[PDB]
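So the structure is just underneath, and the comments pick up after that.
In each ligand, atom 1 is the first atom listed, and ligand 1 is the first ligand listed. In what follows, chains are A, B, ... by sequence order, proteins preceding strands, each numbered from 1. Values below: every heavy atom of this structure, side chains too, minus hydrogens, waters and symmetry copies.
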2 protein chains.
Amino acid sequence: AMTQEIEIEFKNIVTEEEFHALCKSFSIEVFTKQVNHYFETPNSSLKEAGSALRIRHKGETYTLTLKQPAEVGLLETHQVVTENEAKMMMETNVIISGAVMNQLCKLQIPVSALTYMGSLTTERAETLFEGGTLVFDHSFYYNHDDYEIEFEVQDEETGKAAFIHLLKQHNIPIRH
Amino acid sequence: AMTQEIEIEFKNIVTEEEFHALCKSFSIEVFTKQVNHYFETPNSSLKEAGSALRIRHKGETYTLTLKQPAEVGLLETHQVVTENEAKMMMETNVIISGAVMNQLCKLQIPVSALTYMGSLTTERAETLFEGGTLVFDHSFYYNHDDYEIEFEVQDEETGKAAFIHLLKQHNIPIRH
Ligand SMILES: Nc1ncnc2c1ncn2[C@@H]1O[C@H](COP(=O)(O)O)[C@@H](O)[C@H]1O
Ligand SMILES: Nc1ncnc2c1ncn2[C@@H]1O[C@H](COP(=O)(O)O)[C@@H](O)[C@H]1O
C-alpha cells in the first residue's frame with residue numbers, strides 16, 4: 001500500500017525512428033497506458049522545492065506519488081489510494097492522510113493551496129537492464145508527443161556510464 | 001452555439017521575471033482560469049495536420065474547438081457544448097456531431113481513433129493594445145510552468161511589426 005525508495009533517473013529524448021529501433025533491440029512490443037494527474041500550488045511551491053506530486057492511474061491502480069530531492073537523485077513516496085480517494089483529491093482541496101501528506105508537511109508545502117492542474121497520457125514499456133530499469137515512454141502532451149528513454153537505477157556512477165554506453169551503442173546522441 | 005473565425009496570433013515565450021515585469025507595466029492584476037482538455041489519435045494525426053482539438057472549460061462554459069491551418073494564421077471552429085456532452089466526449093472518446101466534426105472529416109482525420117489524452121490549466125489576462133489584443137498566459141504543464149505573451153491581430157504584417165516592437169521596448173528576446 002505504501003513504499004518509499006531513493007531513485008536516480010536518467011532521461012534522453014529520442015526520435016520515433018530511434019525509439020522503434022531501440023524497442024526492437026529489446027523485444028519491446030506491448031505498451032501499457034498510464035495517466036498522470038498532477039498537482040501544484042498557484043505559487044509553484046513544489047517546483048520551487050525540486051519536487052512533483054501526481055496521482056498515477058495505471059490499469060486498476062491509483063497511486064499518489066511524491067518525488068522530492070535526496071542527496072543524490074530523488075526520494076519517492078508512493079501511496080496506493082482508492083478511485084474515490086483519487087477523485088476527491090482532484091475535485092476538492094484535500095490531500096489524503098498518510099506518508100505523502102507527512103512528507104509534504106516536512107517539505108513545508110502549503111498543502112491546502114495544492115490544486116489539480118492537469119493531466120497527460122503515457123504509453124509505457126519497461127525492461128530490466130544492467131543496474132536498473134530501462135523505460136520506453138511515448139507521451140502525449142498538450143501541443144505535441146515525445147518519445148523518451150529513461151533509466152532508473154540505484155547506483156549513480158555505474159548507472160550513468162551504462163546508460164551512456166547504451167546510447168552510443170545505438171548511435172543516439174545525448175539530448176537532456 | 002457555433003462560430004468560426006480566422007485567428008492571427010503571435011506568441012512569445014518569456015521568463016517568470018519578464019512576465020511579472022510586463023504585467024506590472026500593463027497594470028495587469030486579474031487573471032481568469034481555464035482548463036483545456038485535449039484530444040489526439042495514437043498516430044498524432046491532428047498534430048501532423050497542423051491542428052488541435054480541445055474542449056475549453058472556462059467559467060461555466062464548455063467549448064469544443066478545432067484549430068487548423070489557414071492561409072493566414074488559423075481557422076478556428078468553436079462549438080458550445082453542455083457539461084454532460086463534454087464529459088461524454090472525455091469518457092467515451094466519441095466526438096459530438098456538428099461543425100467541428102464536419103471540419104474534422106474534411107481534414108481527413110481518422111475521427112474514430114481520436115482519444116482524450118489530457119488536460120492543462122492556464123491562467124489568462126488580456127488587454128487591448130494598438131488595435132489588437134495582448135494576452136498574458138501562465139500555464140501549468142506536467143513538470144514546468146510556462147509564461148507566454150500573445151498578440152491577436154487583424155493584420156499579419158503590421159501586427160507582427162507592432163509585436164516585435166513591443167518585445168524590443170521591453171528587452172524581451174524573440175522565442176517562438
Ligand atoms: N477532474 C475530475 N473529476 C472527476 N473525475 C475525474 C476527473 N478526472 C478524471 N476523473 C475520473 O476518474 C477516473 C480516472 O480518470 P483517468 O485517470 O483520467 O482515467 C476516471 O473514471 C475518470 O472518469
Ligand atoms: N477524465 C474525466 N472523466 C470524467 N469526468 C471528468 C474528467 N475530467 C473532468 N471531468 C469532469 O468534468 C468537469 C470539468 O472538469 P474540469 O474541466 O477538469 O474542471 C468536472 O465536474 C469533472 O468532474
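- Residues A:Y142 and B:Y38 place their aromatic rings such that the two centres sit under 6.0 Å apart.
- In terms of protein heavy atoms, atom 14 (C) of ligand 2 is closest to B:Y62 OH, 3.0 Å.
- Judged purely by distance below 3.5 Å, without hydrogens or angles, the side chains of A:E126 and A:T133 never pair a donor atom with an acceptor atom.
- Between the side chains of A:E76 and A:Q4, no donor-acceptor pair of N or O atoms lies under 3.5 Å.
- Using 4.0 Å as the threshold, B:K87 has no heavy atom nearer than that to any atom of ligand 1.
- Residue B:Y116 has at least one heavy-atom neighbour below 4.0 Å for each of these atoms of ligand 2: 1 (N).
- Under 4.0 angstrom from ligand 2, there are no non-hydrogen atoms of A:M90.
- Between B:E123 and B:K33 there is no salt bridge, since none of the side-chain N atoms of the basic residue sits less than 4.0 Å from a carboxylate O of the acidic one.
- Between B:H37 and ligand 2, at least one N/O pair is under 3.5 Å apart.
- For atom 22 (C) of ligand 1, no protein non-hydrogen atom is found at a distance below 4.0 Å.
- Here the protein heavy atom with the shortest distance to atom 3 (N) of ligand 2 is B:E91 CG, 3.8 Å.
- Side-chain atoms of B:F129 and B:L166, non-hydrogen and from C-beta on, do get closer than 4.5 Å to each other.
- Side chains of B:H138 and B:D145: a donor-acceptor N/O pair is present below 3.5 angstrom, by distance only.
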